[PDB]
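Written out below as structure tokens is the structure these notes cover.
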Amino acid sequence: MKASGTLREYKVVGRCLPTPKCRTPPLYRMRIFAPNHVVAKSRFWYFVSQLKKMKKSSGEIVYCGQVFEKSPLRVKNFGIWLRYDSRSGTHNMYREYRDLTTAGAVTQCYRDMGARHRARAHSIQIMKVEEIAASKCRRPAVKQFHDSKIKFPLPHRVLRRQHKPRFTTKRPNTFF
Amino acid sequence: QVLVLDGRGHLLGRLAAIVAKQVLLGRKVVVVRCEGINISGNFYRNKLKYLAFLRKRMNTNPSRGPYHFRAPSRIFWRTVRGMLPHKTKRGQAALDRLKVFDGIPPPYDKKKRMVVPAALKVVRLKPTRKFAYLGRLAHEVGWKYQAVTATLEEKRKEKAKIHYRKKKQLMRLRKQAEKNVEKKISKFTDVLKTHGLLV
Amino acid sequence: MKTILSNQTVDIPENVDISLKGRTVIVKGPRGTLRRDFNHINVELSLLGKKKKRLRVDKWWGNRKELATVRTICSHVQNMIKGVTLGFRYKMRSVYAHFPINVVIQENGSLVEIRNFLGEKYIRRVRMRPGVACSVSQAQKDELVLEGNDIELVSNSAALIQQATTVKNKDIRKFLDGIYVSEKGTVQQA
Amino acid sequence: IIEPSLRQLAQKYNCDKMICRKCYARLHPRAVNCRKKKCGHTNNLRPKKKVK
RNA sequence: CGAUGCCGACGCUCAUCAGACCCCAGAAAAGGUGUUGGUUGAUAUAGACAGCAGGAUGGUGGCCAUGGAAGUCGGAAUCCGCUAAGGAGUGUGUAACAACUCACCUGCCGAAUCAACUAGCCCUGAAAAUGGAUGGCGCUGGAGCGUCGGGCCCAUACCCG
RNA sequence: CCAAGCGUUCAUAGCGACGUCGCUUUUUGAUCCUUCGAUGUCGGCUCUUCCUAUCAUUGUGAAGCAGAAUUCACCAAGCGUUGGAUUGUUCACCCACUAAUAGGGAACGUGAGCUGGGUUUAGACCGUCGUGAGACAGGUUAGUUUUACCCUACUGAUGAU
Ligand SMILES: [Mg+2]
Ligand SMILES: [Mg+2]
Ligand SMILES: [Mg+2]
Ligand SMILES: [Mg+2]
Ligand SMILES: [Mg+2]
Ligand SMILES: [Mg+2]
Ligand SMILES: [Mg+2]
Ligand SMILES: [Mg+2]
Ligand SMILES: [Mg+2]
Ligand SMILES: [Mg+2]
Ligand SMILES: [Mg+2]
Ligand SMILES: [Mg+2]
Ligand SMILES: [Mg+2]
Ligand SMILES: [Mg+2]
Ligand SMILES: [Mg+2]
Ligand SMILES: [Mg+2]
Ligand SMILES: [Zn+2]
């Protein structure tokens with residue numbers, strides 16, 4: 001899986017194909033964070049295969065649909081439990097992020113896990129995602145935004161329009 | 001016609017890349033105060049970089065090159081020459097459209113100097129990063145005219161300060177004049193405000 | 001991790017006057033003025049209050065290295081306050097097993113001449129920093145008193161003397177001769 | 001002969017030191033890692049041996 | 001040198017040998033209180049962790065082993081009393097006295113602290129002969145590394161003629 | 001690199017087993033990619049240059065550094081690193097002086113630069129081998145060392161824009 005663009009949360013339901021022994025096999029569900037649905041179904045078969053004697057040939061996808069964020073206009077803290085392979089082992093991690101959508105927090109996770117650990121998305125298995133209350137957060141980087149009277153300036157504002165004009169008579173100002 | 005740039009506070013490589021493209025497109029460029037140019041990285045590691053360059057010489061006849069120019073103007077000139085196809089007639093013609101100076105000699109001393117915000121150190125370097133001065137670097141690899149350039153740059157600035165004070169004197173009069181003739185120019189001032197030329 | 005805010009305050013004695021010109025602190029007190037430029041640190045200096053005057057140093061969005069400079073500025077400024085009020089007095093003792101170290105002060109305490117160090121014929125001359133005055137301590141034998149308003153100048157002046165009297169090509173665990181800083185005090189006790 | 005108090009004053013600067021085992025640097029007594037990059041800031045320090 | 005002259009996104013990294021793209025044209029074990037991120041385990045508002053006091057003895061200099069080791073050098077055992085506590089002992093010293101410092105404990109001040117592992121980038125490990133090569137210049141709010149967006153560039157490939 | 005030991009004590013001042021990770025291409029191999037319409041095959045002499053894995057000297061850190069002497073380590077290749085007997089020798093050994101008498105590369109630098117002592121044609125002797133002709137990383141003696149006026153480089157000399 002390539003963590004291309006902002007990921008989406010998918011609800012994927014599958015089962016074993018019915019057989020004479022078990023005319024109605026049980027249904028299984030998974031939360032899949034993927035770029036599109038075609039990827040979402042592929043990763044489902046990769047996870048259920050790891051947990052059950054199942055695979056695409058001997059099973060079917062009963063339902064694939066996007067799970068929309070329930071409060072996209074509200075700030076939340078997310079706790080993400082994941083395991084990943086490094087160059088020399090496998091590790092479990094718990095990470096926290098502040099976002100508006102759960103799929104956004106997961107996308108932050110992939111970009112962050114790539115930045116801080118050189119982890120490609122094919123080695124990362126997100127186990128669990130939960131919305132966490134400000135009192136239950138552990139990471140100091142997230143907790144410092146739990147401040148009802150938060151305030152801070154924007155020092156040394158870098159000039160981003162550096163080629164319009166390309167040549168100018170006046171030097172830029174970084175204080176605003 | 002001629003694009004005059006101020007070398008103070010600019011990063012060597014970034015300015016050269018922009019200056020190299022301008023002279024390839026056919027524009028005449030003058031860069032002044034090449035000793036004011038900056039290089040990212042602490043001074044010592046930039047000094048080492050040039051001392052390694054000084055070691056490059058034809059073992060059998062050092063007079064045959066490379067030539068290691070010690071002036072900040074020539075160091076910058078050779079940097080721009082490194083971003084041009086200077087072994088073709090096109091590249092050499094472009095290289096002739098660039099003039100490089102230490103300090104600001106005439107006639108550029110009495111002309112407005114442009115900057116290149118894409119090459120400005122304040123724009124391109126995080127404020128915590130160390131940087132080097134091309135003038136100090138050049139002086140410490142054999143440049144002989146650091147003190148004289150500074151002495152003459154101190155005389156120019158004293159003259160520039162006098163010129164500015166005269167300009168401020170003339171602007172104070174201008175604002176006073178706009179007040180004395182406020183009634184005679186009111187109709188023309190509404191035309192400008194109507195069309196944004198005066199806020 | 002970048003921390004939103006990190007600040008530390010310094011309390012200014014009523015007899016000290018602190019003024020800011022950007023990141024330049026000017027501490028004026030009974031013993032004179034000190035000026036230090038902190039333009040190399042991206043902090044924000046403020047003066048708070050009018051009766052009990054304080055100096056605040058703020059660092060927004062700093063990393064671990066940047067945060068460590070907030071208290072460094074505060075300590076420097078306190079030393080400047082300590083300098084313009086109490087002064088700095090560095091006492092140095094001359095240690096010798098056989099050959100006395102004869103020290104002669106010259107130029108009103110701005111030049112220290114050291115003779116007979118481990119018996120050497122060479123004469124050592126150490127130039128104190130501006131604003132620092134050396135003198136032989138009248139209270140004790142083999143003791144120099146360096147006084148000044150700037151800790152960096154005064155404590156750097158003592159370092160020059162201590163390194164001037166360095167033993168060479170010997171076992172310095174045995175040849176302990178030298179002039180060493182023995183106490184870091186203030187000119188006026190209070 | 002040096003007075004015992006002045007012996008301790010000189011010894012504070014000449015003997016009470018740690019020694020980096022990898023690069024021989026002179027370090028303050030409470031040092032836990034060397035200050036030199038040449039050894040990679042190693043924690044293999046030892047006391048400066050006392051003169052007998 | 002054709003095309004990012006995008007108001008590209010989030011991080012990581014400072015190198016007094018930085019890094020920079022299949023084959024491929026250079027590096028290992030082992031290390032770092034550089035920096036970042038994680039795992040586990042402790043202790044702290046009954047107020048923790050530094051910083052600022054005392055304590056080296058009561059049975060006892062425990063008996064063995066000693067030319068001689070009293071707590072202090074080895075070999076198996078390694079108890080109590082008074083108490084805020086006190087190892088029948090952490091370090092100090094000879095050929096023996098002699099000697100002091102920690103385990104401990106409370107006086108103080110008032111928010112996080114400590115330990116061990118683990119993995120990223122950087123660093124040490126890292127020495128060759130003509131002067132020298134991420135292709136070069138150069139580049140550090142990146143023109144480096146990881147994960148990702150739009151856009152654009154051009155083969156004799158693909159489409160229409 | 002680990003650290004069992006050594007070092008009276010004490011792993012790591014200085015060493016370091018059992019193990020293990022590397023670097024170099026001044027050793028020998030392994031291979032047979034280039035050269036058999038020919039790239040002159042050892043050593044010395046002469047001459048310049050470069051490397052550092054530093055013997056000496058400058059500035060330093062550590063010792064089981066009292067001094068003297070010495071040993072370990074750092075920045076470091078600027079300047080030095082010699083005269084001789086035996087041998088073709090490289091290598092070696094000794095004598096003598098020295099601050100020191102370090103180690104190497106440049107087509108195992110250098111034969112249109114020399115020399116030709118050795119190796120490696122044709123003569124000849126000895127030993128072993130062969131019936132013999134003959135052979136021998138076995139000894140011995142005698143055995144032709146060609147050309148620059150071309151291009152470049154270099155050294156100097158006129159000069160040219
Ligand atoms: Mg010269
Ligand atoms: Mg000595
Ligand atoms: Mg290209
Ligand atoms: Mg067609
Ligand atoms: Mg032992
Ligand atoms: Mg073959
Ligand atoms: Mg041929
Ligand atoms: Mg030839
Ligand atoms: Mg030939
Ligand atoms: Mg070296
Ligand atoms: Mg040869
Ligand atoms: Mg030849
Ligand atoms: Mg020949
Ligand atoms: Mg011959
Ligand atoms: Mg013959
Ligand atoms: Mg026979
Ligand atoms: Zn060290």
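A note on names: the letters A, B, ... follow the listed sequences, proteins ahead of strands, and every chain is numbered from 1. Excluded from the calculations below are hydrogen atoms, water molecules and symmetry mates; all remaining heavy atoms, backbone and side chain alike, are included.
For B/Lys49 and E/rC137, the shortest distance from a side-chain N or O to OP1 or OP2 is not below 4.0 Å. Residue A/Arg120 places at least one side-chain N or O closer than 4.0 Å to OP1 or OP2 of E/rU147. Put simply, B/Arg129 has a side-chain N or O that comes within less than 4.0 Å of OP1 or OP2 on E/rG141. A close approach under 4.0 Å does occur between a side-chain nitrogen or oxygen of D/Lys48 and OP1 or OP2 of F/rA62. Regarding contacts with the backbone of E/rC1, a side-chain N or O of B/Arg90 is found under 4.0 angstrom from either OP1 or OP2. Taking 4.0 angstrom as the limit, D/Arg46 places none of its side-chain polar atoms (N or O) nearer than this to OP1 or OP2 of F/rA62.
Of the candidate nucleotides E/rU140, E/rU36, F/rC72, E/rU36 has the atom nearest to the side chain of A/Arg116. Of all nucleotides listed (F/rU12, E/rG8, F/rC50), F/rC50 comes nearest to the side chain of B/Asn59. Here the nucleotide nearest the side chain of B/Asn42, chosen from E/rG37, F/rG67, E/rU16, is E/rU16.
When the nearest nucleotides of RNA chain E are assigned to A/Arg138 and D/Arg30 by heavy-atom distance, the more 5′-ward of the two goes with A/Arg138. Comparing B/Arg124 and C/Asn63 by the nucleotide of RNA chain E that holds the closest heavy atom to each, the one mapping nearer the 5' end is C/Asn63.
Taking 3.5 Å as the upper bound for both contacts, F/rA112 does not pair with F/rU41 in Watson-Crick or G-U wobble fashion.
A ring-centre distance under 6.0 Å is not found for A/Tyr97 and A/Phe78. For B/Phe53 and B/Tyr50, the gap between ring centers is short of 6.0 Å. Side-chain rings of A/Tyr94 and A/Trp81 approach one another, their centers coming within less than 6.0 Å.
Looking at A/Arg83 and A/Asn92, their side chains never bring a donor and an acceptor atom within 3.5 Å of each other.
No hydrogens or angles were tested; on distance alone, a donor-acceptor pair under 3.5 Å links the side chain of A/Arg118 to the base of E/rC145. The base of E/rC137 does not come close enough to the side chain of B/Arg81 for any donor and acceptor atom to sit less than 3.5 Å apart. For A/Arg111 against E/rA9, a side-chain-to-base donor-acceptor contact under 3.5 Å is absent.
In this structure, the side chains of C/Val167 and C/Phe117 come closer than 4.5 Å at one or more pairs of heavy atoms.
Here E/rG142 is in the syn range [glycosidic angle within 90° of 0].
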